[PDB]
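Given as structure tokens, the chain that follows is alone and in the form deposited in one PDB entry.
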């Protein structure tokens, strides 16, 4: 058995929502009322201790309008022959599946109007098809649906867990321990989890991620999160980086710590983001962008990428290079990897002349694929012509020639990436941070901020 989707037609703030499901569902977002009402909708469907009180006047969409509450759950009855849960579900629902080739099962919840005697009268029905459902029989206080499912609710037979906000008064090491227990152990086969803590998502895999949007109207996006076998050795940094970005509205994907130093200085001088959200800065280095981009795109989070046009030399060869920075953006657009170029160079001196020759090659590569660069710019993908250091020289190069006594200030900062960046940031003023922010090669910061003039 595998939960597929739940449709809630009328509830406290749900109107016609459909949320795709899996086993191991996780819900998060700004709307705490929507997450609480999602868990209470599950409790009304599958827990008798909540269902026995019926529906009140307050638990309709408007308080006297659209008096038909429907909650329907899809179950995917077709499975393997050897699993116990499918057969133990089928053995209770006898007259349900009229055909033995039935693949989909439905558990429905109907409600009467609240005007009659100030009561709701929840009525439950199964059936293997949406039309022609039949009633769930029960002799007394107990339904036949209660014989199959058990619901355990946590707040500080087939078993479904509902964990609400377990990080309250909890140290972060115990949150990481609970994350490992939730997503690795076989005890929690079916659960629904709501949280605000990114430390509960450091170990996460084969889970359905549900994001509830910031609006008062409940909007839900669902993504089926898997980590494939290629990223198994870099899974921990990937999950630790992405878990804090899941709680953001706007995420800028950058390479390393020196870009974070520069962008945090520029943002602290321009907009300290006490008025704004203050979206996330995400460090992505050594991998491709497709995993983060599909995860954030299916969840409704806007993704901004600034990258450099790198030329990676091949291993064990001479004079051949890969178009890695172009290939990552082409993989983002869904294209295939380009062929490798061959660069023939004399020896001469190999210190400083080779970087100039490679920079000229990067310039003419940037000239060749300008249409693909415009297609990257159609999305929020920003590919530098050579490197971000050259863009910084094109923005604030007079200040860089003032601070650094060398005739060129680029190579002095390339020769020590982290240490010289702090020296430039220390001697950096308010005027030229705005010069960086207003430049046309730093529009990624403008998209990350997302400012409105008024």
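Heads up, when I say rigid core I mean the largest set of C-alphas that superpose within 1.5 Å between the two forms. Residue numbers count along the first chain shown, from 1.
This next part talks about the form deposited in another entry, which is not shown.
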Residue from 134, 123, 333, 142 whose Cα, after superposing the rigid core, lies 2 Å or more away between this form and the one not shown: 333
C-alpha of residue 363 off by 2 Å or more between this form and the one not shown on rigid core: yes
Yes/no, residue 348 Cα shift of 2 Å or more between this form and the one not shown with rigid core fixed: yes
Core-aligned C-alpha movement of residue 53 between this form and the one not shown reaching 2 Å: no
CA-CA separation of residue 289 and residue 210, closer or farther in the other entry than in the form shown [shift of 3 angstroms or more]: farther
Sense of CA distance change between residue 277 and residue 13 in the other entry, threshold 3 Å: closer
